[PDB]
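# Structural description and commentary
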Amino acid sequence: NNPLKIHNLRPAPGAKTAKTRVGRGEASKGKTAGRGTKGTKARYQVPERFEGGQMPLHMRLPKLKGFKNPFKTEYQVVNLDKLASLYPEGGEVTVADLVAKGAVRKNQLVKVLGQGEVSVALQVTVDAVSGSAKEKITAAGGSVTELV
Amino acid sequence: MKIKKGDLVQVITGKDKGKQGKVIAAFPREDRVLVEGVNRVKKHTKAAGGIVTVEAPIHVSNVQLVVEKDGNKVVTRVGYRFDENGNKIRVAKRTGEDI
Amino acid sequence: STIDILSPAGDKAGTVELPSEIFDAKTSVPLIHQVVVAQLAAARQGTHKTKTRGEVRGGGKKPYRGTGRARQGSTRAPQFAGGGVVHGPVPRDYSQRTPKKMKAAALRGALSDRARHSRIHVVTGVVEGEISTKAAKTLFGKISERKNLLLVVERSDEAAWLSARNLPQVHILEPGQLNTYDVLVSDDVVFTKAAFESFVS
RNA sequence: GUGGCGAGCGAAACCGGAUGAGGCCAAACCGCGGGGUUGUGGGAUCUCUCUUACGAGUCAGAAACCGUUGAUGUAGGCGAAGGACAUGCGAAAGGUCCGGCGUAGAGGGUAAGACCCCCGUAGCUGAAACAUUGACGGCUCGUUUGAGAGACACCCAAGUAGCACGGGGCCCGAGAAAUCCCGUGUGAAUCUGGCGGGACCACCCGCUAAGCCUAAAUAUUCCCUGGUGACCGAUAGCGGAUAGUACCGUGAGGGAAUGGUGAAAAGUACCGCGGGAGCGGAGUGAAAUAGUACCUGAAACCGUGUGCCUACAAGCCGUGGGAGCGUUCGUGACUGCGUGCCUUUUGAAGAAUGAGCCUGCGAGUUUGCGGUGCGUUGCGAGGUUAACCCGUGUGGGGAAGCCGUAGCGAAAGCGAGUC
């Protein structure tokens, strides 16, 4: 009885942590407010990319090897182990249906990969497939039809 | 200012409740009126210089019109009504009569 | 659970089933607490500002130079009387982004809590025919004598809005804008049958 | 991507949204007018075939005015319902009892907490006059041959495009540097014309520079009307409870301080001391240590009275022990111990810095679908919206995106592997 009233709401214990008010009193974060005395850090911030004049970490190790491809495309990949749990009775496997089962992002290229085992026949209609995955699908009586 | 000059009013909230009286002069800008008989102060004035007793204004919302209904007197609030030519006439509300 | 519909006069006019998913959902105090605190914070207007030593008018000059006084860079420094305010308030929006599911769940919890204590009521109408604050007052007296009452009615039903809006203790809402804060404040919740179906659907 | 590849800087394609609109000239040709307006190229000129009233307006595609009338604005009007008893002190809005209105329980005042005492609010209602803006009529304007086929290579914005040099801006800091803009020289073509698609060439794709006009989504508030505040409340809030005044400077310019009697002056008649000021009676007031020096009236600071101690004593002024005296409490004869506070220092009572004293003010804040870790909450192989849309509010919708879902490699690429 006595239902929930708006003055009965309390947060979960440990949810809200009281602020830390530095600079009030000497029985707390006292006069220095947790900084020490008279350094560059007693009044200012020291940038992270600065090793006191010594050659910075980011300036004495060589640049990374190689270039980058502006037009490289990455496929959303589905391993056979997690593709044999979405279809525990076989059937046709389309790309737009794989999207609806939360296995690949929308509007991308799918590429079934070969980790795991498949025990039922699947008719996968995807953009590509790896060699091991293709063998495993065919062994289980399925057929693989690529669009690309 | 509904309280016109020269009306019969009754003090409803003040040192002197009950007392009726006429409206001597009305100040429609500071919302006060003079009712003869109430708040009669004794000014100490010098030179015939001496104690003089005259009434000081009371707030308009502390008086209210007295309309006669069925013999004795009765305090009433005041509304308006047009007759035929768009002429507002003070109409009593306790009685519905014309004051 | 089933609850009786009351006709505008206070008589029974049928029965309705409270959907369990709405009126029998779990009440999580921490979840309700966050949503309600978010509501009150979002209601804050937050229009409030002060002038820092840059915006105070004047003080562009260095007041003086071996003078024997303190060194000062401007007459509008924080420590000066009439100087600028340091770390003062500024205009800011206090609204919070709360997930949709948390909001909906909290309202379900609040309504479920009221239902469990049998404080949900339904009426086919508030007033029949003419607008009357008296008719609404009599109806609500029959339903409950408690201080806080919440009336949920479609905005197209002017009769109920106009009749009940003046009552000191009654807070009126559309079905679509039923919100957690109003439910918790109110001791009882009264739906119009049109409102109840609109909300549940 | 750019960068003494340092500090830093930093797009575009495309996606989701707010609003949505297209017109006209130059040229050729004909006599300032006609003509024509193009990217599926179109127009001119010539030959052949067929055919031969209507709309648009106050606008970017022209431009005014006259009237009739609709709406809004600049004054306003009405607008519901409370009494009795006692108390209070001085005053009832507070207490008790019974009532009433409510499409009005917003707010402000009224001699203390008022939905019903007043001003108002809900709800309706109102304009001779002039302004803003619609609709209509007058009025104004535009059009009144058109279509197809074939010819012809006549026109399609010139000191311009391009190119050379020197520069500017773009993610691009002159680089292999495209596109865009400027100055100097040189300097075309007209549809087989020309420009771009990141040096350049060819093909392919798009498009017609060297002419113009264009509302809507967008930024702002000196000013006006109506409102709001987990904004300030007299050292605060604008500098200004009006002041850019007083004052400072030759001058540009700088630039203050001062709010509060009481419900109502009822602001003290009269008497006395005194030159007056001021005060003691008296009077008003609820209250006169509320007397125009005025609500409350702290501290520093200055006095009167009073209890105790104090003129053989060396005192960071306190503290432990302790007799005595006195309107537990006040004081403290005598005795033991006892070298201030902060800062900064290896180390300070330090003869190292800062502080005459009180009161008030004065230093870890805010933003972000930022980064990161922890706690908690919701959902959980999923989670979640941004802009924006609807609504009175904090409510609902919105999947553009982002994070998780597979990694390795310079990359092609391969993929539980990969180099």
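Residues numbered from 1 in each chain as written, not as in the entry; some residues may be left out. Chains lettered and ligands numbered in written order. Part of a larger assembly, values for the part shown. Heavy atoms only, no water.

Going by the header, the method for this PDB entry is cryo-EM, and the resolution given is 3.13 Å.

Attention now goes to the overall build of chain A. Along the backbone of chain A there are 5 helices and 6 strands. Taking 2.2 N^0.38 as the reference for a compact globule, 148 residues should give roughly 15 Å; the C-alpha atoms of chain A span a radius of gyration of 30 Å, well beyond that estimate. Pairs at least 24 residues apart make up 39% of the contacts formed inside chain A by residues separated by at least 6 positions. Here chain A has roughly 11700 Å² of accessible surface; of this, 53% comes from carbon and sulfur atoms. (Helix = DSSP H or I, 4+ residues; strand = E, 2+ residues; numbered from the N terminus. Rg over C-alpha atoms; globule rule 2.2 N^0.38 Å. Contact = heavy atoms within 4.5 Å. Areas by Shrake-Rupley, 256 points an atom, 1.4 Å probe, with all protein chains shown as cover.)

This next bit is on the environment of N85(B). All names here are of chain B. Looking at where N85 falls in the secondary structure, it is placed in the loop between β9 (78–79) and β10 (91–92). For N85, a relative accessible area of 63% gives the class exposed. Taking C-alpha positions, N85 is 28 Å from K69, a pair spaced 16 residues apart along the chain. (Buried < 20%, exposed > 50% of the residue type's maximum accessible area, 1.4 Å probe, protein only.)

On to the protein's contact with RNA strand D, then. Around RNA strand D, a shell composed of 116 residues is seen, among which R105(A), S132(A), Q39(C), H171(C) and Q177(C) lie nearest. Among atoms of RNA strand D positioned within 4 Å of the protein, sugar and phosphate together represent 68%. Here a base nitrogen of RNA strand D and a side-chain polar atom of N79(A) are 2.8 Å apart. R44(C) is positioned such that a nitrogen or oxygen atom in its side chain is 2.5 Å from a phosphate oxygen of RNA strand D. (Near = heavy atom within 4 Å. Polar contact = N/O pair within 3.5 Å; in protein donor to acceptor, adjacent residues only side chain to side chain.)

Let us now look at the packing of helix α2 (residues 29–42) of chain C against helix α3 (residues 100–116) of chain C. Residues and elements named next belong to chain C. At a minimum axis distance of 9 Å, the contact between α2 and α3 shows a crossing angle of 115°. Put simply, α2 runs roughly perpendicular to α3. Seen along the crossing, α2 lies across α3 with a hand that is left-handed. Listed contacts from α3 to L31, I32, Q34 and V35 of α2 are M102, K103, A105, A106, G109 and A110. (Axes fitted to C-alpha atoms, helices over the stretch in contact; angles between N-to-C directions. Parallel < 35°, antiparallel > 145°, perpendicular 65-115°, else oblique. Left-handed = near helix turned anticlockwise from the far one by under 90°.)

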